[PDB]
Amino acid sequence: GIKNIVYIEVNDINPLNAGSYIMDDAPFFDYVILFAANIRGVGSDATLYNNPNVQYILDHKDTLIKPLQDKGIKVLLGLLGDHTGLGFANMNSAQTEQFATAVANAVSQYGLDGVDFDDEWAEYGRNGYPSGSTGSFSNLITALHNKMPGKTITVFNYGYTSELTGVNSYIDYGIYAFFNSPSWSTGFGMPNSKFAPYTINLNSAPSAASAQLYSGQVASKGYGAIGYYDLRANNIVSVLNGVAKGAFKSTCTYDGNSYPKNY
């Protein structure tokens, strides 16, 4: 069936809010991305950096991640550039393996269900790192695939993703990077069934009817996912119920839980 994939800006929003939405006695959301841990170049090293918000969530996996997983939601660690000049796309071979290993170790250590790649904000070329692509982004996907074959990889369709066609068998879903209007196409050779061509911004939300009509079109054309970006702690059930009607011939309800972020 169609998968609902939501990115939570964990600098702002407690991720438990994704579990407050119910459709058919199950969570409306199928995948939650904790957006985001960072790739950072530190000298010759490619490093995985968790900011204080991300690290807090990982340190509290049993109370901020596991409650979602216990409901059946798959929780992914988002991966994002962070202004160092090193990103997913300009690593050498050693750096690629180093970063793949750091990511796999975090997925294992924190009991996560996989990762999402958003090749954004790396600022390619700073600090003496290569200004252009080395082809590492495909090699990074392959390396993670081999390390965690049973875990999910999603790709937010931004940055050097045009390079990923050859490794797209290792990517579960790609997600359109612009909001509130479909683009009836996919990135990096993905089939309809592995792509979200429509991504709703849940902060600057469209009308429920807009979501209902577009999500009905997504379903009719056989796409495999709908994207959601920036779920907040307000009750946005009207929009999700629109999708429940349009794409799932169902309804979405809210359990009342607005979880604050006080860490």
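Start at 1 with the first residue shown and count on from there.
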**Request:** Determine, for stretches 144 to 152 and 93 to 101, which one has the higher mean CA B-factor as deposited.
**Result:** 144 to 152
**Message:** Per the record, averaged over C-alpha atoms, which has the higher B-factor: 171 to 179 or 121 to 129?
**Reply:** 121 to 129
**Item:** Third assignment of residue 215 from its chain's C-alpha B-factors
**Value:** middle
**Fill in**
Chain-relative C-alpha B factor for residue 11 (record values, thirds): the middle
**Prompt:** Ranked by Cα temperature factor within the chain, is residue 160 in the lowest third, the middle third or the highest third?
**Reply:** middle
**Asked** For residue 50, does the deposited CA B-factor place it in the lowest, middle or highest third of the chain?
**Response** lowest
**residue 44, C-alpha B-factor rank within chain (lowest, middle or highest third)** = highest
